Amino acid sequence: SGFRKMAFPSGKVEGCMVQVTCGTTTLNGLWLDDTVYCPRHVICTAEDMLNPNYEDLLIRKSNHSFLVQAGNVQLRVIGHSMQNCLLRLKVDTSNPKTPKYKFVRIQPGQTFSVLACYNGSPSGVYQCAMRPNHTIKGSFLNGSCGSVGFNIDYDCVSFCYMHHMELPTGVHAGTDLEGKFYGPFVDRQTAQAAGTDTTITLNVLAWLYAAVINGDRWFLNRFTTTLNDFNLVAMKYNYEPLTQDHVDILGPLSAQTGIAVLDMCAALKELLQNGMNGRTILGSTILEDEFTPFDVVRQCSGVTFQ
């Protein structure tokens, strides 16, 4: 029993973090096989960031412009290229700790584990959702750039995020491991800001199912709803519209609890309209949206507490 914001074990990623220095600038890189990946802003001075031309800043660098430090060990850079907003450094040594891995672009509303790192040394691990507005509510200080996000499935690490930026509201922006930004953001100084955000409806429903699996039904009701009637309420409360695809995804949690998805929607409508009346669900006074249906099945018992 219990329900916690649980991260994946971080060992397989720890063995891949290095430090990358170009001139005065140090940040984190990810060392897989004989490649190191890091944010391309490592090549900029503070003043370069106002209006950088990366193509023109990079052609002025050699391989030996880059220092890569793996723990105590200097890795020799023997090649470099830019891929979107990442630099790829080829080094003289294959990482003996390279895990089984893939690069994936996660979708909005999906979750991942962040390994915050400074100076190539891992400092902490926590779980993040990709918000609908393509930001994450992370915890990052200066020096954290090149920290990665990931998911693990049967000893394969799916890398999905590299940290580039803190926006003016204190939320975080970065790239997939092909160096494409999540959201409309750019690695230069602009008036860019987090767009308006929404509550991840599918995740709230998964988390209500979690509460029932763990033995709590106080918030259920004798009502049902159409998808249309639910969505009129969702819009009022700045919830993402529910789609048939989202109903289909909730099929296994619905089956394990015997609560029809639209019967759970009727419960959520009533909670949005009436509040929680001083009660909690899984310890929370608020409706939680940072757990996916996959996260609930991973962490909850396969046997409902009936």
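Rigid core here is just the name for the largest C-alpha set that superposes within 1.5 Å across the two forms. The numbering used is simple: start at 1 and walk along the sequence shown.
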Outlying stretch relative to shown form, 183-191 versus 84-92 in 8 other deposited structures of this protein, C-alpha RMS (core): 183-191
Hey, which bit's got the bigger mean C-alpha B factor in the entry, 221-229 or 174-182? 221-229
Return whichever of 148-156 and 125-133 has the greater mean Cα B factor according to the PDB record. 148-156
Could you check 81, 203, 214, 113 and tell me which one carries the biggest Cα B-factor in the deposited entry? 81
Which listed residue, 250, 281, 38, 67, has the largest C-alpha temperature factor in the record? 67
Lowest, middle or highest third - CA B-factor, residue 26: highest
Which third, lowest, middle or highest, does the CA B-factor of residue 19 fall in along this chain? middle
For residue 109, the third of its chain by CA B-factor is the lowest
Which third, lowest, middle or highest, does the C-alpha temperature factor of residue 76 belong to within its own chain? highest
Lowest, middle or highest third: which one holds residue 188 when the chain's residues are ordered by CA B-factor from the entry? middle
